[PDB]
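*Asks:* part one of the assembly, not moved from where it sits:
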Amino acid sequence: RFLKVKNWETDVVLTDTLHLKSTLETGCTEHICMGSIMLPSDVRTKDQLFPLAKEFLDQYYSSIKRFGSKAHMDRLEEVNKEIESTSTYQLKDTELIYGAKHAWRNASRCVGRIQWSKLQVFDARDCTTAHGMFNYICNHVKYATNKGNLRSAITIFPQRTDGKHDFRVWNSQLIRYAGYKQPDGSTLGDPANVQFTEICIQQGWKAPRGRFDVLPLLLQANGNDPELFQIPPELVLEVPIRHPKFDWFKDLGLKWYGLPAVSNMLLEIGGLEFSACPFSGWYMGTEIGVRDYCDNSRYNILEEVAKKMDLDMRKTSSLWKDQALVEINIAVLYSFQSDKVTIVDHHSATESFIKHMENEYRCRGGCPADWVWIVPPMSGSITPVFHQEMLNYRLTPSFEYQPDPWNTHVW
């Protein structure tokens, strides 16, 4: 009930008590572990909402050292009145900022949480239309990009009411490249976005059918039909990918965007649901060089790079895939660093997370963490997180997945 995690490289042992405050469920049971399942796990009635609000307000007033105070009881009373009356309630700006920052703090799959307290929160709860959503998102993108000196930010659109008036960003990330199925048979651009790219065409977009076409935004306000907008190209910071040794690398024609900005998640704070809450930070190099560039279901460039390196691709035991993989990831970090765009390598990011874990255990009693997601997709065991035992559990406020809107939209 009071659990210990060991680091097997350093023998440092930490005691976790924070998990006892966990609320939601993991998908595991004592008979089966679902730790490697990507996605384990609907209006909220008047009755479930007030306990959720209480739990959150309890932790908020604790965090400002006003638990059991004047202002604490009054606020509890006031939200209790507002739920009984209005069947919902509205967060104070202070509570919203706290709730967003703690949703990031609680994201057990995120290695970048040492930065959790330095999040810029843009309150977009006064937004009513898709053009207004576009305006808020352009401002976010410009603020977060900051001429390459990236700054973490989240923009929070109005909360779900009765599930019929949902705000949704249909894109999975604010900035992604299009994908097209060729008549010749294969796929041009990003295969992961083929379905979404179609819904852009099959709803209005005129695609330039290229390999790195920044997709338009598909924005849904108040449950209406979504609308297309092009992000101003001057707001989309991109980085051409070259290698500090291989001059032929530029001829591969690779580039990537500077801003990782997740837009399809749901932010839960005190029982309230924010279905449109795009948030952004900066990349860890392996997200681009390992996953985006070298997954077989993505841009899948390993063979081409290895050929240009003239590696022995006859046998897997030559480790030609591994050699190319390293070089590709050297180039990504080199390109971003050269163009002065913020990026972190996996050695620095995971060392930071270990320091963050130790901070959280010391000052908070724990840190929920998903080892399957925290360990980088290359060189796992030479990063310190590989040797770190981690306990995974679900705290709120939280970011949660939600269905893709095209499968849900009453059109």
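*Replies:* That came through, no problem. Numbers count the residues shown, from 1 in each chain, chains lettered A, B, ... in the order given.
*Asks:* give me phi/psi at the most centrally placed residue in chain A?
*Replies:* When C-alpha atoms, centre = their mean is applied to chain A, the residue found nearest the centroid is residue A:262 (4.7 Å). Residue A:262 adopts backbone torsions of phi -80, psi 130, taken as degrees, to the nearest 10.
*Asks:* so what's it bridging to?
*Replies:* residue A:173, residue A:279 (DSSP bridges).
*Asks:* contacts only, for it.
*Replies:* When contacts are counted by C-beta atoms under 8 Å, 6 or more residues apart in numbering, residue A:262 touches A:172-173, A:278-280. C-beta: built from backbone N, CA, C; applies to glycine.
*Asks:* from these, which is closest to residue A:378?
*Replies:* Comparing the contacts of residue A:262 against residue A:378 with C-beta to C-beta picks out residue A:173 as the nearest, at 21.5 Å.
*Asks:* what sits up against stretch A:23-39?
*Replies:* Residues contacting stretch A:23-39 (C-beta under 8 Å, 6+ apart): A:40-41, A:55, A:370-372, A:392-396, A:398, A:401.
*Asks:* picking up where we left off before, just the buried members of the contacts of residue A:262?
*Replies:* For those, a burial check counting by 16 or more other C-beta atoms under 10 Å picks out A:172-173, A:278-280.
*Asks:* turn these into CSV, including distance to residue A:331.
*Replies:* Shown next, in CSV, are those (distance: C-beta to C-beta, whole Å):
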residue, distance to residue A:331
A:172, 25
A:173, 22
A:278, 28
A:279, 27
A:280, 23
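*Asks:* so which of the residues you listed comes closest to residue A:71?
*Replies:* When the buried ones among the contacts of residue A:262 are compared against residue A:71 (criterion: C-beta to C-beta), the nearest one is residue A:279, at 29.1 Å.
*Asks:* my guess is the closest one meets residue A:153, correct?
*Replies:* Yes. When contacts are counted by C-beta atoms under 8 Å, residue A:279 is listed as touching residue A:153 (6.9 Å).
*Asks:* restricted to buried residues, select the contacts of stretch A:23-39 in ChimeraX.
*Replies:* Buried subset of the contacts of stretch A:23-39, written as a ChimeraX selection, criterion 16+ other C-beta under 10 Å:
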select /A:370,371,392,393,394,395,396,398
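*Asks:* looking at the contacts of stretch A:23-39, which is nearest residue A:201?
*Replies:* The nearest one, if we look at the contacts of stretch A:23-39 relative to residue A:201 and count by C-beta to C-beta, is residue A:401, at 25.8 Å.
*Asks:* who touches residue A:20 in this structure?
*Replies:* Residues near residue A:20 by C-beta under 8 Å, 6+ apart: residue A:1.
*Asks:* kindly report the same for residue A:379.
*Replies:* Residue A:379 neighbours (C-beta under 8 Å, 6+ apart): residue A:346.
*Asks:* quick one, phi psi at it?
*Replies:* Note on residue A:379: backbone dihedrals following degrees, to the nearest 10 are phi 50, psi 30.
*Asks:* let's bring in chain B now:
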Amino acid sequence: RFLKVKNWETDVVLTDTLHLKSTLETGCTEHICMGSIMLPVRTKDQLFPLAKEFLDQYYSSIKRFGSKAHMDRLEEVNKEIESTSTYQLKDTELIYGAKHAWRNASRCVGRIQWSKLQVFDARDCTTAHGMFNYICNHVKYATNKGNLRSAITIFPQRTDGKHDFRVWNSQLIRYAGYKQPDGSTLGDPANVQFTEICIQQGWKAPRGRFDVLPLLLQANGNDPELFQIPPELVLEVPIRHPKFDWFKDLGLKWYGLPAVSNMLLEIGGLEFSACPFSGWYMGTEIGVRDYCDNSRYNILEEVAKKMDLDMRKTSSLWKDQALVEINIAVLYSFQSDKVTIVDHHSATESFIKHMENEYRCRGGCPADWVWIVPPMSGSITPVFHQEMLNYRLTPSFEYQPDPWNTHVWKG
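*Replies:* Take a look at chain B, now in place beside the chains above:
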């Protein structure tokens, strides 16, 4: 009930029913996942149901469930338990049990081979000298001049827990480690404590960097005795690199036979506390973990020095570069000396084929993603993208405490 796992690279979905036959617990609950935790005395009371369940499985596999042979064996075992408080496995049952303990080992990526295991019955052994002879014959059989063959040797089962057979070595072949007064370590830092025990027990240590440890063998609960494996039985591979001629001058070698000797084999409620088993290496076990863990031989720095990589910032990925070159050298050396080894690309591809086959013929395949995914180049192997279900089936291999912590010394 049914459970589905998805491969996110291929979209292949599999359906697990085998998890319904799981009895033992995992460590997880609905509120916490313990999937990255390294480590998450028996009476007649509990023994006959464990025996019956094993014998039901055994006779089902031989298409004789409910037969007179099956019923007679259940009767015979029942009377043997109530009369002697234990029972003896037939040779056929022991072989089945050892093969299925391997088949059920959710952390083992090499299970495609599970049905080709050579089982050596050493249940007639009575002294540490007899154990030594059995272990020598195992090492010679399994080594097979470099054409490695999987094998297991099974010493007498536990009775009252005061007469255990134990191999005090964690592996049959391992290099000594010596703590120097200046704080540095010579040899394998992981084996320092065991090396000190051997020295205390009378071993004259050569005090080199690659000294094969003596066997420390405990029969029938007696004090352990020291034995030296004949050097002609210990196959070793000098490590060189196919392009870098300076790599040989690092003075590295490794042994050919990975032979785990500290686990407990549970079959039908019987506990075999001494059951060394061996296969052949996957390259990364040596090149990534043994050589490159900070807590092990830790050769990244000197290798990266001789490669003259930019070692000033981690974002040069000099650690990742050297790591690949070391792992090329391990595979090249083993193949050149015609010693069996498998690279992590081949091994993970075979595991996926094994897993799919097990889902079809058996209804599932328990697998521990955290251990199955290799410690370098994770996401360019197919297991990274494979959802897996972890649950505990018997027969099984289990951990047990190091015997020097529990042994009652006779003197």
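*Asks:* again for the contacts of residue A:379, chain B present now?
*Replies:* Each residue near residue A:379 by C-beta atoms under 8 Å, 6 or more residues apart in numbering or on different chains is listed here: A:346, B:319-320, B:323, B:376-377.
*Asks:* if we can go back for a sec, roughly how far apart are the residue nearest to the centre of chain A and residue A:293?
*Replies:* Distance check for residue A:262 against residue A:293: by C-beta to C-beta, to the nearest Å, it reads 19 Å.
*Asks:* how is chain A carved up into domains?
*Replies:* Domain assignment for chain A, taken from curated CATH domains, gives A:16-125+A:152-162+A:266-280+A:350-374, A:126-151+A:166-237+A:401-405, A:238-260+A:283-348.
*Asks:* make a markdown table from those domains and add distance to chain B to it.
*Replies:* Formatted as a markdown table, the domains of chain A follow (distance: least, C-beta to the nearest C-beta, whole Å):
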| stretch | distance to chain B |
| --- | --- |
| domain A:16-125+A:152-162+A:266-280+A:350-374 | 3 |
| domain A:126-151+A:166-237+A:401-405 | 11 |
| domain A:238-260+A:283-348 | 4 |
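*Asks:* out of those domains, nearest to residue B:128?
*Replies:* With C-beta to C-beta as the criterion, residue B:128 lies closest to domain A:16-125+A:152-162+A:266-280+A:350-374 of those, at 39.0 Å.
*Asks:* start to end distance for that closest one?
*Replies:* Length of domain A:16-125+A:152-162+A:266-280+A:350-374, first residue to last, C-alpha to C-alpha, to the nearest Å: 18 Å.
*Asks:* repeat that for stretch A:239-255.
*Replies:* By C-alpha to C-alpha, the extent of stretch A:239-255 from end to end equals 5 Å.
*Asks:* what do you get for stretch A:309-322?
*Replies:* One end of stretch A:309-322 sits 12 Å from the other (C-alpha to C-alpha).
*Asks:* ok, and what's touching that stretch?
*Replies:* A:246, A:302-303, A:306-307, A:323-324, A:327, B:283, B:324, B:327-328, B:331, B:335, B:343, B:345-346, B:376-377, B:380.
*Asks:* pull out the buried residues from the residues you listed.
*Replies:* Among the contacts of stretch A:309-322, the ones that count as buried by 16 or more other C-beta atoms under 10 Å in any protein chain shown are A:246, A:302, A:306, A:323-324, A:327, B:283, B:324, B:327-328, B:331, B:335, B:343, B:345-346, B:376-377, B:380.
*Asks:* in strands, which of those appear?
*Replies:* Assignment to strands by DSSP state E places none of the buried ones among the contacts of stretch A:309-322 there.
*Asks:* just the ones of those residues in helices?
*Replies:* In helices, judged by DSSP state H, the following of the buried ones among the contacts of stretch A:309-322 are found: A:302, A:306, A:323-324, A:327, B:283, B:324, B:327-328, B:331, B:335, B:345-346.
*Asks:* phi, psi of residue A:252?
*Replies:* Note on residue A:252: backbone dihedrals following degrees, to the nearest 10 are phi -60, psi -20.
*Asks:* run a quick neighbour tally on it.
*Replies:* 18 (other C-beta atoms under 10 Å in any protein chain shown).
*Asks:* contacts only, for it.
*Replies:* If you count contacts by C-beta under 8 Å, 6+ apart, then residue A:252 has A:241, A:301, A:304-305, A:308 around it.
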